[PDB]
file coords.cif (mmCIF, C-alpha atoms and all ligand atoms)
data_input
loop_
_atom_site.group_PDB
_atom_site.id
_atom_site.type_symbol
_atom_site.label_atom_id
_atom_site.label_comp_id
_atom_site.auth_asym_id
_atom_site.auth_seq_id
_atom_site.Cartn_x
_atom_site.Cartn_y
_atom_site.Cartn_z
ATOM 1 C CA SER B 1 0.000 0.000 0.000
ATOM 2 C CA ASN B 2 1.667 3.230 -1.147
ATOM 3 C CA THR B 3 1.712 6.188 1.183
ATOM 4 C CA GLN B 4 0.280 9.609 0.355
ATOM 5 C CA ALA B 5 3.764 10.853 -0.479
ATOM 6 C CA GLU B 6 4.516 7.918 -2.778
ATOM 7 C CA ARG B 7 1.095 8.244 -4.471
ATOM 8 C CA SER B 8 1.820 11.960 -4.972
ATOM 9 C CA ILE B 9 5.070 11.267 -6.723
ATOM 10 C CA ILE B 10 3.575 8.525 -8.906
ATOM 11 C CA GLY B 11 0.751 10.897 -9.742
ATOM 12 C CA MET B 12 3.284 13.448 -11.089
ATOM 13 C CA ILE B 13 4.741 10.836 -13.462
ATOM 14 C CA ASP B 14 1.265 9.862 -14.615
ATOM 15 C CA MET B 15 0.436 13.570 -15.129
ATOM 16 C CA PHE B 16 3.606 14.075 -17.215
ATOM 17 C CA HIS B 17 2.557 11.101 -19.333
ATOM 18 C CA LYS B 18 -0.916 12.611 -20.087
ATOM 19 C CA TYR B 19 0.854 15.399 -22.036
ATOM 20 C CA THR B 20 4.029 13.957 -23.684
ATOM 21 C CA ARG B 21 4.391 13.406 -27.413
ATOM 22 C CA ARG B 22 6.070 10.324 -28.898
ATOM 23 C CA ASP B 23 9.519 11.702 -28.063
ATOM 24 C CA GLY B 24 8.657 11.591 -24.352
ATOM 25 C CA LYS B 25 8.571 15.392 -24.085
ATOM 26 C CA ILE B 26 5.901 18.022 -23.677
ATOM 27 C CA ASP B 27 5.443 20.643 -26.390
ATOM 28 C CA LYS B 28 4.410 24.188 -25.748
ATOM 29 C CA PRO B 29 0.605 24.077 -26.254
ATOM 30 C CA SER B 30 0.474 20.831 -24.222
ATOM 31 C CA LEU B 31 2.409 22.374 -21.353
ATOM 32 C CA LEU B 32 -0.055 25.277 -21.199
ATOM 33 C CA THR B 33 -3.001 22.856 -21.226
ATOM 34 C CA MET B 34 -1.355 20.857 -18.468
ATOM 35 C CA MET B 35 -1.037 24.003 -16.361
ATOM 36 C CA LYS B 36 -4.642 25.129 -16.939
ATOM 37 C CA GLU B 37 -5.957 21.656 -16.139
ATOM 38 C CA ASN B 38 -3.804 20.849 -13.133
ATOM 39 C CA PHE B 39 -2.861 24.211 -11.570
ATOM 40 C CA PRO B 40 -5.841 26.413 -12.165
ATOM 41 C CA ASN B 41 -5.977 27.879 -8.650
ATOM 42 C CA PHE B 42 -2.287 28.515 -8.764
ATOM 43 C CA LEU B 43 -2.755 30.344 -12.075
ATOM 44 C CA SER B 44 -5.765 32.301 -10.708
ATOM 45 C CA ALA B 45 -3.737 33.547 -7.758
ATOM 46 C CA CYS B 46 -1.049 34.715 -10.196
ATOM 47 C CA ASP B 47 -3.658 36.544 -12.295
ATOM 48 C CA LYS B 48 -5.033 38.400 -9.286
ATOM 49 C CA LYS B 49 -1.452 39.624 -8.658
ATOM 50 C CA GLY B 50 -1.260 40.839 -12.283
ATOM 51 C CA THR B 51 1.001 37.982 -13.452
ATOM 52 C CA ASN B 52 0.224 35.802 -16.496
ATOM 53 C CA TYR B 53 2.274 32.737 -15.602
ATOM 54 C CA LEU B 54 1.644 31.100 -19.012
ATOM 55 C CA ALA B 55 3.151 34.002 -21.004
ATOM 56 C CA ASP B 56 6.735 32.921 -20.265
ATOM 57 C CA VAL B 57 6.629 29.567 -18.437
ATOM 58 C CA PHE B 58 7.678 27.597 -21.528
ATOM 59 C CA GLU B 59 10.566 29.872 -22.383
ATOM 60 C CA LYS B 60 11.723 29.951 -18.769
ATOM 61 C CA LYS B 61 11.631 26.206 -18.346
ATOM 62 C CA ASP B 62 12.956 25.100 -21.752
ATOM 63 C CA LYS B 63 16.517 25.332 -20.399
ATOM 64 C CA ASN B 64 18.217 23.623 -23.334
ATOM 65 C CA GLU B 65 16.124 25.543 -25.944
ATOM 66 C CA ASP B 66 15.006 22.467 -27.863
ATOM 67 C CA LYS B 67 11.391 23.679 -27.902
ATOM 68 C CA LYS B 68 10.307 20.757 -25.746
ATOM 69 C CA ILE B 69 9.958 20.254 -21.971
ATOM 70 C CA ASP B 70 11.648 17.032 -20.885
ATOM 71 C CA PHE B 71 11.141 15.299 -17.571
ATOM 72 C CA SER B 72 13.996 17.129 -15.858
ATOM 73 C CA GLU B 73 12.586 20.493 -16.952
ATOM 74 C CA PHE B 74 9.124 19.385 -15.812
ATOM 75 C CA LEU B 75 10.556 18.616 -12.357
ATOM 76 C CA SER B 76 12.107 22.134 -12.340
ATOM 77 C CA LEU B 77 8.667 23.602 -13.069
ATOM 78 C CA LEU B 78 7.113 21.587 -10.220
ATOM 79 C CA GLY B 79 9.920 22.867 -7.957
ATOM 80 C CA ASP B 80 9.056 26.465 -8.891
ATOM 81 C CA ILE B 81 5.395 25.861 -8.083
ATOM 82 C CA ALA B 82 6.340 24.180 -4.759
ATOM 83 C CA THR B 83 8.671 27.048 -3.905
ATOM 84 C CA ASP B 84 5.791 29.520 -4.387
ATOM 85 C CA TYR B 85 3.528 27.475 -2.133
ATOM 86 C CA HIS B 86 6.336 27.240 0.382
ATOM 87 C CA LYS B 87 6.763 31.016 0.385
ATOM 88 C CA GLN B 88 2.985 31.401 0.877
ATOM 89 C CA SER B 89 3.127 29.088 3.883
ATOM 90 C CA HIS B 90 5.623 31.610 5.414
ATOM 91 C CA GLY B 91 3.239 34.515 4.866
ATOM 92 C CA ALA B 92 4.382 35.695 1.406
ATOM 93 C CA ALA B 93 1.762 36.724 -1.109
ATOM 94 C CA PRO B 94 0.997 34.084 -3.776
ATOM 95 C CA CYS B 95 2.894 34.125 -7.050
ATOM 96 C CA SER B 96 5.682 36.278 -5.612
ATOM 97 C CA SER O 1 -11.264 23.602 -4.583
ATOM 98 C CA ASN O 2 -7.643 22.561 -5.158
ATOM 99 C CA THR O 3 -6.888 19.935 -7.749
ATOM 100 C CA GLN O 4 -5.058 16.678 -7.050
ATOM 101 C CA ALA O 5 -1.856 18.202 -8.393
ATOM 102 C CA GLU O 6 -2.162 21.322 -6.240
ATOM 103 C CA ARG O 7 -3.021 19.223 -3.153
ATOM 104 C CA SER O 8 0.052 17.081 -3.889
ATOM 105 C CA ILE O 9 2.334 20.064 -3.941
ATOM 106 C CA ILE O 10 0.825 21.562 -0.778
ATOM 107 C CA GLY O 11 1.191 18.173 0.858
ATOM 108 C CA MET O 12 4.964 18.233 0.151
ATOM 109 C CA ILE O 13 5.306 21.589 1.939
ATOM 110 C CA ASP O 14 3.296 20.292 4.878
ATOM 111 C CA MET O 15 5.492 17.150 4.947
ATOM 112 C CA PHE O 16 8.677 19.276 4.963
ATOM 113 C CA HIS O 17 7.235 21.219 7.892
ATOM 114 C CA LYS O 18 6.634 18.022 9.972
ATOM 115 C CA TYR O 19 10.436 17.541 10.107
ATOM 116 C CA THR O 20 12.138 21.002 10.167
ATOM 117 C CA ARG O 21 13.886 22.427 13.208
ATOM 118 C CA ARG O 22 13.596 26.084 14.241
ATOM 119 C CA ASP O 23 16.014 27.135 11.495
ATOM 120 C CA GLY O 24 13.562 25.874 8.863
ATOM 121 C CA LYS O 25 15.842 22.981 7.882
ATOM 122 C CA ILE O 26 15.828 19.240 8.348
ATOM 123 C CA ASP O 27 18.651 17.598 10.290
ATOM 124 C CA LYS O 28 20.037 14.199 9.534
ATOM 125 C CA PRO O 29 18.072 11.921 11.919
ATOM 126 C CA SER O 30 14.857 13.782 10.977
ATOM 127 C CA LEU O 31 15.488 13.302 7.272
ATOM 128 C CA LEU O 32 15.898 9.548 7.787
ATOM 129 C CA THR O 33 12.676 9.415 9.823
ATOM 130 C CA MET O 34 10.906 11.363 7.105
ATOM 131 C CA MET O 35 12.050 8.822 4.523
ATOM 132 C CA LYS O 36 11.036 5.784 6.605
ATOM 133 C CA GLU O 37 7.633 7.303 7.342
ATOM 134 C CA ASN O 38 6.795 8.655 3.908
ATOM 135 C CA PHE O 39 8.710 6.477 1.413
ATOM 136 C CA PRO O 40 8.756 3.059 2.964
ATOM 137 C CA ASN O 41 7.837 1.156 -0.208
ATOM 138 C CA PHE O 42 10.394 3.107 -2.128
ATOM 139 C CA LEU O 43 13.003 2.165 0.485
ATOM 140 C CA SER O 44 11.872 -1.507 0.468
ATOM 141 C CA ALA O 45 12.322 -1.727 -3.290
ATOM 142 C CA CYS O 46 15.843 -0.325 -2.874
ATOM 143 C CA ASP O 47 16.623 -2.911 -0.179
ATOM 144 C CA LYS O 48 15.514 -5.795 -2.379
ATOM 145 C CA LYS O 49 18.013 -4.502 -4.987
ATOM 146 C CA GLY O 50 20.757 -4.501 -2.319
ATOM 147 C CA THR O 51 20.780 -0.698 -1.894
ATOM 148 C CA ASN O 52 20.480 1.036 1.501
ATOM 149 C CA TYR O 53 19.197 4.418 0.357
ATOM 150 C CA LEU O 54 19.518 5.927 3.868
ATOM 151 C CA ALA O 55 23.268 5.201 4.147
ATOM 152 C CA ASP O 56 24.217 8.159 1.932
ATOM 153 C CA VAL O 57 21.050 10.158 1.170
ATOM 154 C CA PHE O 58 21.943 12.932 3.628
ATOM 155 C CA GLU O 59 25.487 13.321 2.389
ATOM 156 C CA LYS O 60 24.350 13.249 -1.232
ATOM 157 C CA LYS O 61 21.654 15.841 -0.747
ATOM 158 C CA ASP O 62 23.424 18.228 1.651
ATOM 159 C CA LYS O 63 24.899 20.081 -1.342
ATOM 160 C CA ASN O 64 26.248 23.052 0.599
ATOM 161 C CA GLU O 65 27.640 20.842 3.438
ATOM 162 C CA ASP O 66 25.993 22.773 6.258
ATOM 163 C CA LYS O 67 24.754 19.552 7.878
ATOM 164 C CA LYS O 68 21.148 20.531 7.249
ATOM 165 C CA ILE O 69 18.699 19.876 4.385
ATOM 166 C CA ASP O 70 17.013 23.100 3.299
ATOM 167 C CA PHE O 71 13.913 23.339 1.159
ATOM 168 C CA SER O 72 15.840 23.489 -2.111
ATOM 169 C CA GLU O 73 17.781 20.345 -1.190
ATOM 170 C CA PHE O 74 14.523 18.671 -0.142
ATOM 171 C CA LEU O 75 13.073 19.433 -3.591
ATOM 172 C CA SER O 76 16.222 17.861 -5.139
ATOM 173 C CA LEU O 77 15.600 14.710 -3.087
ATOM 174 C CA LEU O 78 11.962 14.576 -4.244
ATOM 175 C CA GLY O 79 13.225 14.981 -7.834
ATOM 176 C CA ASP O 80 15.545 11.985 -7.374
ATOM 177 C CA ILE O 81 12.671 9.884 -6.052
ATOM 178 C CA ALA O 82 10.421 11.025 -8.952
ATOM 179 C CA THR O 83 13.162 10.257 -11.458
ATOM 180 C CA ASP O 84 13.382 6.684 -10.109
ATOM 181 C CA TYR O 85 9.627 6.237 -10.403
ATOM 182 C CA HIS O 86 9.780 7.698 -13.883
ATOM 183 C CA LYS O 87 12.468 5.211 -14.901
ATOM 184 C CA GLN O 88 10.330 2.377 -13.465
ATOM 185 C CA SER O 89 7.379 3.527 -15.556
ATOM 186 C CA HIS O 90 9.644 2.976 -18.638
ATOM 187 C CA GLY O 91 10.458 -0.579 -17.579
ATOM 188 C CA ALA O 92 13.634 0.029 -15.525
ATOM 189 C CA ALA O 93 14.101 -1.891 -12.310
ATOM 190 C CA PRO O 94 13.317 0.108 -9.138
ATOM 191 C CA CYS O 95 16.086 1.999 -7.383
ATOM 192 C CA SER O 96 18.326 1.927 -10.459
HETATM 193 CA CA CA B 101 13.949 21.426 -23.344
HETATM 194 CA CA CA B 102 22.416 21.896 3.248
HETATM 195 CL CL CL B 103 8.325 10.044 -21.239
HETATM 196 CL CL CL B 104 10.785 26.133 6.764
HETATM 197 ZN ZN ZN B 105 8.183 8.929 -19.400
HETATM 198 ZN ZN ZN B 106 9.044 26.469 5.538
#
call {"tool": "encode", "arguments": {"input": "coords.cif", "output": "structure tokens"}}
result
Amino acid sequence: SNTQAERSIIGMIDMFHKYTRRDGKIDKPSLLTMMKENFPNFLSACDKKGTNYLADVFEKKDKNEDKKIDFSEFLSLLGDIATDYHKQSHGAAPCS
Amino acid sequence: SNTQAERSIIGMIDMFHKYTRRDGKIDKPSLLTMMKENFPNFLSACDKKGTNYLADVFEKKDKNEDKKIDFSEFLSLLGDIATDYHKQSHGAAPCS
């Protein structure tokens, strides 16, 4: 029986696999769809602050500039999102 | 209403906060406890392969050698765990 933490991690792999193309990477329109579908409250908190997270997320996370997001770059994105939530838990405003 | 993905991320912050000391970092015995409590099936799969993940995890993840695991180093650990699960989902053996 997996724990909540283990299920969470497995769920992130399964989420990545909803959006990959045949080359095992996520293209730009698919990454935006993934964000809208899985992080809509995160995105809404950004909006309220005047920030359109989807304007630049692909360009910021496509570190090797191959116009795809691979699993390592996907993990980096999740780490950015987690870092925002962590800042919020310390009293920061969202999407700072 | 948060989504499953957003709840997962928030859950990782709350998990980090179960184990921090006053300086907002996780010390070595606490990190091992966190692993045993939250990733026991992950650890058991390692064992079966002949790998004791807890022998070196602290030393591998304490990148700045301050004898604490801060949030950024905690995210790196989660990314290692996710990368293992991702490899498994592609047919690799666990804890490779
Ligand atoms: Ca890329
Ligand atoms: Ca450290
Ligand atoms: Cl893939
Ligand atoms: Cl903290
Ligand atoms: Zn994959
Ligand atoms: Zn904290």
call {"tool": "calpha_fit_and_write", "arguments": {"input": "coords.cif", "fixed": "chain O", "moving": "chain B", "output": "mmCIF file with C-alpha atoms, keeping the file's coordinate frame"}}
result
data_model
loop_
_atom_site.group_PDB
_atom_site.id
_atom_site.type_symbol
_atom_site.label_atom_id
_atom_site.label_comp_id
_atom_site.auth_asym_id
_atom_site.auth_seq_id
_atom_site.Cartn_x
_atom_site.Cartn_y
_atom_site.Cartn_z
ATOM 1 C CA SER B 1 -11.264 23.602 -4.583
ATOM 2 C CA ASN B 2 -7.643 22.561 -5.158
ATOM 3 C CA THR B 3 -6.888 19.934 -7.749
ATOM 4 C CA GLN B 4 -5.059 16.678 -7.050
ATOM 5 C CA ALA B 5 -1.857 18.202 -8.394
ATOM 6 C CA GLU B 6 -2.161 21.322 -6.240
ATOM 7 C CA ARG B 7 -3.022 19.224 -3.153
ATOM 8 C CA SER B 8 0.052 17.081 -3.889
ATOM 9 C CA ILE B 9 2.334 20.064 -3.940
ATOM 10 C CA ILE B 10 0.825 21.562 -0.779
ATOM 11 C CA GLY B 11 1.191 18.173 0.858
ATOM 12 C CA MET B 12 4.964 18.232 0.151
ATOM 13 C CA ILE B 13 5.305 21.589 1.938
ATOM 14 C CA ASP B 14 3.296 20.292 4.878
ATOM 15 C CA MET B 15 5.493 17.150 4.946
ATOM 16 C CA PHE B 16 8.676 19.276 4.963
ATOM 17 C CA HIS B 17 7.235 21.219 7.892
ATOM 18 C CA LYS B 18 6.635 18.022 9.973
ATOM 19 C CA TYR B 19 10.436 17.541 10.107
ATOM 20 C CA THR B 20 12.138 21.002 10.167
ATOM 21 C CA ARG B 21 13.887 22.427 13.208
ATOM 22 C CA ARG B 22 13.596 26.084 14.241
ATOM 23 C CA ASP B 23 16.014 27.135 11.495
ATOM 24 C CA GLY B 24 13.562 25.874 8.863
ATOM 25 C CA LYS B 25 15.841 22.981 7.882
ATOM 26 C CA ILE B 26 15.828 19.240 8.348
ATOM 27 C CA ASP B 27 18.651 17.598 10.291
ATOM 28 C CA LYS B 28 20.037 14.199 9.534
ATOM 29 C CA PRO B 29 18.071 11.921 11.919
ATOM 30 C CA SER B 30 14.857 13.782 10.977
ATOM 31 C CA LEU B 31 15.489 13.302 7.272
ATOM 32 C CA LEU B 32 15.898 9.548 7.787
ATOM 33 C CA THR B 33 12.677 9.416 9.823
ATOM 34 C CA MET B 34 10.906 11.363 7.106
ATOM 35 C CA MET B 35 12.050 8.822 4.522
ATOM 36 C CA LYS B 36 11.036 5.784 6.605
ATOM 37 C CA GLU B 37 7.633 7.304 7.342
ATOM 38 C CA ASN B 38 6.795 8.655 3.907
ATOM 39 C CA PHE B 39 8.710 6.476 1.413
ATOM 40 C CA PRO B 40 8.756 3.059 2.964
ATOM 41 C CA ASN B 41 7.837 1.156 -0.207
ATOM 42 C CA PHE B 42 10.394 3.107 -2.128
ATOM 43 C CA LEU B 43 13.003 2.164 0.486
ATOM 44 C CA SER B 44 11.872 -1.507 0.467
ATOM 45 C CA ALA B 45 12.322 -1.727 -3.290
ATOM 46 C CA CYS B 46 15.843 -0.324 -2.874
ATOM 47 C CA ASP B 47 16.623 -2.911 -0.179
ATOM 48 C CA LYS B 48 15.514 -5.795 -2.379
ATOM 49 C CA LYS B 49 18.013 -4.502 -4.987
ATOM 50 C CA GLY B 50 20.757 -4.501 -2.319
ATOM 51 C CA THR B 51 20.780 -0.699 -1.894
ATOM 52 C CA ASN B 52 20.480 1.035 1.501
ATOM 53 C CA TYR B 53 19.197 4.418 0.357
ATOM 54 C CA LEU B 54 19.518 5.927 3.868
ATOM 55 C CA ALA B 55 23.267 5.201 4.148
ATOM 56 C CA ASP B 56 24.217 8.159 1.932
ATOM 57 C CA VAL B 57 21.051 10.159 1.170
ATOM 58 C CA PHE B 58 21.943 12.932 3.628
ATOM 59 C CA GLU B 59 25.487 13.320 2.389
ATOM 60 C CA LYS B 60 24.350 13.249 -1.232
ATOM 61 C CA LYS B 61 21.655 15.841 -0.747
ATOM 62 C CA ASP B 62 23.424 18.228 1.651
ATOM 63 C CA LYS B 63 24.898 20.080 -1.342
ATOM 64 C CA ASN B 64 26.249 23.052 0.599
ATOM 65 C CA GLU B 65 27.640 20.842 3.438
ATOM 66 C CA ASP B 66 25.993 22.773 6.258
ATOM 67 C CA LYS B 67 24.754 19.551 7.878
ATOM 68 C CA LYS B 68 21.147 20.531 7.249
ATOM 69 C CA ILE B 69 18.699 19.876 4.385
ATOM 70 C CA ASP B 70 17.013 23.100 3.298
ATOM 71 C CA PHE B 71 13.913 23.339 1.159
ATOM 72 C CA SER B 72 15.840 23.489 -2.112
ATOM 73 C CA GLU B 73 17.781 20.345 -1.190
ATOM 74 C CA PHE B 74 14.524 18.671 -0.142
ATOM 75 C CA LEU B 75 13.073 19.433 -3.591
ATOM 76 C CA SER B 76 16.222 17.860 -5.139
ATOM 77 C CA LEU B 77 15.600 14.710 -3.086
ATOM 78 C CA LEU B 78 11.962 14.576 -4.244
ATOM 79 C CA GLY B 79 13.225 14.981 -7.833
ATOM 80 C CA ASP B 80 15.545 11.986 -7.373
ATOM 81 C CA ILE B 81 12.671 9.884 -6.053
ATOM 82 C CA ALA B 82 10.421 11.025 -8.952
ATOM 83 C CA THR B 83 13.163 10.257 -11.458
ATOM 84 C CA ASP B 84 13.382 6.683 -10.109
ATOM 85 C CA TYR B 85 9.627 6.237 -10.403
ATOM 86 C CA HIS B 86 9.781 7.698 -13.883
ATOM 87 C CA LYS B 87 12.468 5.211 -14.900
ATOM 88 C CA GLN B 88 10.330 2.377 -13.465
ATOM 89 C CA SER B 89 7.378 3.527 -15.556
ATOM 90 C CA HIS B 90 9.644 2.976 -18.638
ATOM 91 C CA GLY B 91 10.458 -0.579 -17.579
ATOM 92 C CA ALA B 92 13.634 0.029 -15.525
ATOM 93 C CA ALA B 93 14.101 -1.891 -12.309
ATOM 94 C CA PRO B 94 13.317 0.108 -9.138
ATOM 95 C CA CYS B 95 16.086 1.999 -7.384
ATOM 96 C CA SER B 96 18.325 1.927 -10.459
#
call {"tool": "resolve_selection", "arguments": {"input": "coords.cif", "expression": "the PyMOL selection byres (((not hetatm)) within 10 of (chain B and resi 104))", "output": "ChimeraX atom specification"}}
result
/B:86-87,89-90 /O:13-14,16-26,70-71
call {"tool": "resolve_selection", "arguments": {"input": "coords.cif", "expression": "the PyMOL selection byres ((chain O) within 9 of (chain B and not hetatm))", "output": "PDB file with C-alpha atoms, in the coordinates of the input"}}
result
ATOM      1  CA  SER O   1     -11.264  23.602  -4.583  1.00  0.00           C
ATOM      2  CA  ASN O   2      -7.643  22.561  -5.158  1.00  0.00           C
ATOM      3  CA  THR O   3      -6.888  19.935  -7.749  1.00  0.00           C
ATOM      4  CA  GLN O   4      -5.058  16.678  -7.050  1.00  0.00           C
ATOM      5  CA  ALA O   5      -1.856  18.202  -8.393  1.00  0.00           C
ATOM      6  CA  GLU O   6      -2.162  21.322  -6.240  1.00  0.00           C
ATOM      7  CA  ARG O   7      -3.021  19.223  -3.153  1.00  0.00           C
ATOM      8  CA  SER O   8       0.052  17.081  -3.889  1.00  0.00           C
ATOM      9  CA  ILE O   9       2.334  20.064  -3.941  1.00  0.00           C
ATOM     10  CA  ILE O  10       0.825  21.562  -0.778  1.00  0.00           C
ATOM     11  CA  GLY O  11       1.191  18.173   0.858  1.00  0.00           C
ATOM     12  CA  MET O  12       4.964  18.233   0.151  1.00  0.00           C
ATOM     13  CA  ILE O  13       5.306  21.589   1.939  1.00  0.00           C
ATOM     14  CA  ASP O  14       3.296  20.292   4.878  1.00  0.00           C
ATOM     15  CA  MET O  15       5.492  17.150   4.947  1.00  0.00           C
ATOM     16  CA  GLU O  37       7.633   7.303   7.342  1.00  0.00           C
ATOM     17  CA  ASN O  38       6.795   8.655   3.908  1.00  0.00           C
ATOM     18  CA  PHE O  39       8.710   6.477   1.413  1.00  0.00           C
ATOM     19  CA  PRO O  40       8.756   3.059   2.964  1.00  0.00           C
ATOM     20  CA  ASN O  41       7.837   1.156  -0.208  1.00  0.00           C
ATOM     21  CA  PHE O  42      10.394   3.107  -2.128  1.00  0.00           C
ATOM     22  CA  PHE O  71      13.913  23.339   1.159  1.00  0.00           C
ATOM     23  CA  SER O  72      15.840  23.489  -2.111  1.00  0.00           C
ATOM     24  CA  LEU O  75      13.073  19.433  -3.591  1.00  0.00           C
ATOM     25  CA  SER O  76      16.222  17.861  -5.139  1.00  0.00           C
ATOM     26  CA  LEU O  78      11.962  14.576  -4.244  1.00  0.00           C
ATOM     27  CA  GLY O  79      13.225  14.981  -7.834  1.00  0.00           C
ATOM     28  CA  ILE O  81      12.671   9.884  -6.052  1.00  0.00           C
ATOM     29  CA  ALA O  82      10.421  11.025  -8.952  1.00  0.00           C
ATOM     30  CA  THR O  83      13.162  10.257 -11.458  1.00  0.00           C
ATOM     31  CA  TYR O  85       9.627   6.237 -10.403  1.00  0.00           C
ATOM     32  CA  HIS O  86       9.780   7.698 -13.883  1.00  0.00           C
ATOM     33  CA  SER O  89       7.379   3.527 -15.556  1.00  0.00           C
TER      34      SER O  89
END
call {"tool": "residues_near_ligand", "arguments": {"input": "coords.cif", "ligand": "ligand CA 102 (chain B)", "cutoff": "7 Å", "atoms": "all atoms listed in the file", "output": "PyMOL selection string"}}
result
chain O and resi 62-70+73
call {"tool": "residues_around", "arguments": {"input": "coords.cif", "residues": "residue O:49", "least_positions_apart": "4", "cutoff": "12 Å", "atoms": "all atoms listed in the file", "output": "ChimeraX atom specification"}}
result
/O:42-45,53,93-96
call {"tool": "atom_distance", "arguments": {"input": "coords.cif", "atom1": "atom ZN of ligand ZN 106 (chain B)", "atom2": "atom CA of residue B:84"}}
result
10.9 Å
call {"tool": "closest_residue", "arguments": {"input": "coords.cif", "among": "O:61, O:77, O:33, O:92", "to": "ligand ZN 105 (chain B)", "atoms": "only C-alpha atoms and all ligand atoms"}}
result
O:92
call {"tool": "atom_distance", "arguments": {"input": "coords.cif", "atom1": "atom CA of residue B:55", "atom2": "atom CA of residue B:34"}}
result
14.1 Å
call {"tool": "atom_distance", "arguments": {"input": "coords.cif", "atom1": "atom CA of residue O:59", "atom2": "atom CA of residue O:28"}}
result
9.0 Å
call {"tool": "closest_residue", "arguments": {"input": "coords.cif", "among": "O:30, O:88, O:60, O:51", "to": "ligand ZN 105 (chain B)", "atoms": "all atoms listed in the file"}}
result
O:88
